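> The deposited numbering numbers the first residue of the sequence shown as 1 and each following residue consecutively.
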Amino acid sequence: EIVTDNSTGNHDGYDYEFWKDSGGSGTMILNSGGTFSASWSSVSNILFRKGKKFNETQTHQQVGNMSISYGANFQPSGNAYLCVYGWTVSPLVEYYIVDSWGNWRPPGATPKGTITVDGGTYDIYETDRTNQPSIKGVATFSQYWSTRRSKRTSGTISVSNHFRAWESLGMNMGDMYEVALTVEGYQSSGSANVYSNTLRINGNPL
Ligand SMILES: O[C@@H]1[C@@H](O)[C@H](O)OC[C@H]1O
């Protein structure tokens with residue numbers, strides 16, 4: 001149902017998470033399957049997601065081929081991302097496949113390559129977080145990014161294609177912790193309605 005504070009659980013088969021740091025507010029409404037809506041106001045950082053959490057024992061290859069069909073009405077007022085998001089451990093990595101954004105195309109780095117997939121082209125980037133919040137407390141970890149060259153708010157995201165592309169460029173991943181269609185807000189406000197979000201693993205939906 002309605003979530004306005006940091007929370008992890010399972011709704012309609014999908015692992016959802018609400019996460020924000022202090023400042024401003026956010027509201028997440030959990031709808032059928034992987035669908036949810038999101039509103040935020042005067043946040044520093046906020047994340048809204050529904051996908052799949054893993055027990056950190058398998059590589060993406062061992063999990064299997066991952067793919068998400070999604071559609072969203074994406075209405076940010078400032079900096080925000082509509083993306084597939086998640087983590088690995090050993091190495092600890094925060095990752096992004098961004099299809100849309102607000103006023104700023106992330107991450108502000110030099111591309112390491114590109115991948116052409118799902119009817120578009122993405123620049124690939126690697127950045128570094130030093131002693132920042134993580135799924136494992138304050139930590140130092142890399143971020144991997146695929147960022148579409150033009151905004152899109154519905155389609156298929158061939159998640160594993162990006163994973164393979166990253167690893168080809170020497171951006172290696174560890175054991176899967178999570179994969180999830182995600183709305184992020186950074187020092188901004190806005191709203192979003194994810195009316196479609198289906199995660200398939202080996203062609204089988206959650
Ligand atoms: O990399 C940035 C991250 O550090 C911040 O917390 O949220 C916005 C991102 O672009």
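In this text, a Cβ means the ideal position worked out from N, Cα and C, and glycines have one as well.
Per DSSP, what are the beta-bridge partners of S39 in this structure?
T27, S191.
> So, with DSSP's three-state summary, where would you put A139?
If DSSP states are grouped into helix, strand and coil, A139 belongs with the strands.
> Based on the DSSP secondary-structure assignment, which residues constitute the bridge partners of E184?
DSSP lists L47, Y81 as partners of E184.
> For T147, count neighbouring C-beta atoms within 10 Å of its own C-beta (all shown protein chains included) and say buried if the count is 16 or more, exposed if not.
The residue is buried, with at least 16 neighbouring Cβ atoms inside 10 Å.
> Are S37 and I29 close, meaning C-beta to C-beta below 9 Å?
In contact: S37 and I29 (Cβ atoms closer than 9 Å).
> Output the distance between the C-alpha atoms of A72 and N193, rounded to the nearest integer angstrom.
Between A72 and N193, the C-alpha separation is close to 5 Å.
> Just to confirm, are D15 and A180 a CB contact at a threshold of 9 Å?
It is a contact, given that the beta carbons lie within the stated cut-off.
> Output yes or no for whether 9 Å exceeds the beta carbon distance between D21 and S7.
No, these two residues do not count as a Cβ contact at 9 Å.
> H11 bridges to which residues according to DSSP?
For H11, which the question treats as bridged, DSSP gives the partners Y14.
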